[PDB]
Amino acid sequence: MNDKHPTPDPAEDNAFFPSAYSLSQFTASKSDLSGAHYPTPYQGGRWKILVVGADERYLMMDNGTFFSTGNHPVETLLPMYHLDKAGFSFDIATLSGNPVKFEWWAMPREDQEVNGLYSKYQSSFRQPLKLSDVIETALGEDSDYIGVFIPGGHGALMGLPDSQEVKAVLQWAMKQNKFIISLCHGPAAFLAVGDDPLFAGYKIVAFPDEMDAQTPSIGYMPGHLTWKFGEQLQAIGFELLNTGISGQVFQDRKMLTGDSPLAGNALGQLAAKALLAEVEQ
């Protein structure tokens, strides 16, 4: 209950969920979903959003342990919930085709709306598309995709940040003037652009590296990250706006970001406002 020892995951060897103590501080039985009310949504039936989820749950720490992670389900479903109320569909993909892996220990078991949205979309989360297939068939200059969404959670740190596929999706989104939507550890995906000065000068919010440095001290993670996405992102031209976390978001042109597992509702609101304005015109 106050125990700060990481909790062992029985599915995998030397792999740990967050500690009981850290769970009682960073997770909650209900989300803060609110304001998802759009008196005139989009009813064209055309525009939908492409979600790029994490396909791995086990992230390797600097001490040889696995952190039992993945996408954060609040960060994932709160923005989708707003966009859904706004009249948009989603297609879900992972790099491998393998099912999207969420931090279930973070899922609010008492939030009816959040669990509602998920039962609606579980089949796509559980049998996602394969990003290569989406890229080959569903992009180009007249896509039905109005933008790409990259949820956070430490699962976003695996595969995505050096994937040549994400690179294609980001390059596509930029050249077709499309919305890019991310929060927390999700912006690590942006590093997939490699040496491309594509995002130079862009301003975002993201989980602060120094908080990642500190959270193991209570057993949130069974070790430390082997690298720092914050410093890399700055190294490719991004300007990180936030020293701490507060649920904050920011819009730089069509780039929409949130700072932490607190920013889900706000990112939903932001994206809904922005995309509704895009399509009503």
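The first residue of the sequence shown is number 1, and the count goes up from there.
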Worksheet item: If you average the Cα B factors in the entry, which is higher, 181-189 or 130-138?
Response: 130-138
Worksheet, complete the sentence: Assert higher mean C-alpha B factor (39-47 or 59-67, deposited values) equals 39-47
Practice prompt. Just grab whichever of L117, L160, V74, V205 has the top CA B-factor as deposited.
Written response: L117
Discussion item. Can you tell me which of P79, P108, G152, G97 has the maximum CA B-factor listed in the PDB entry?
Written reply: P108
Practice prompt. Taking the chain's C-alpha temperature factors as the reference, tell me which third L256 falls into: lowest, middle or highest.
Written response: lowest
Practice prompt. Just say lowest, middle or highest third for the CA B-factor of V249 relative to the other modelled residues in its chain.
Written response: highest
Practice prompt. Could you say whether, by C-alpha temperature factor, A54 belongs to the lowest, middle or highest third of its chain?
Written response: lowest
Worksheet item: By its CA B factor, does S19 count among the lowest, middle or highest third of the modelled residues in the chain?
Response: highest
Worksheet item: Can you tell me which third, lowest, middle or highest, the CA B-factor of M211 falls into for its chain?
Response: middle
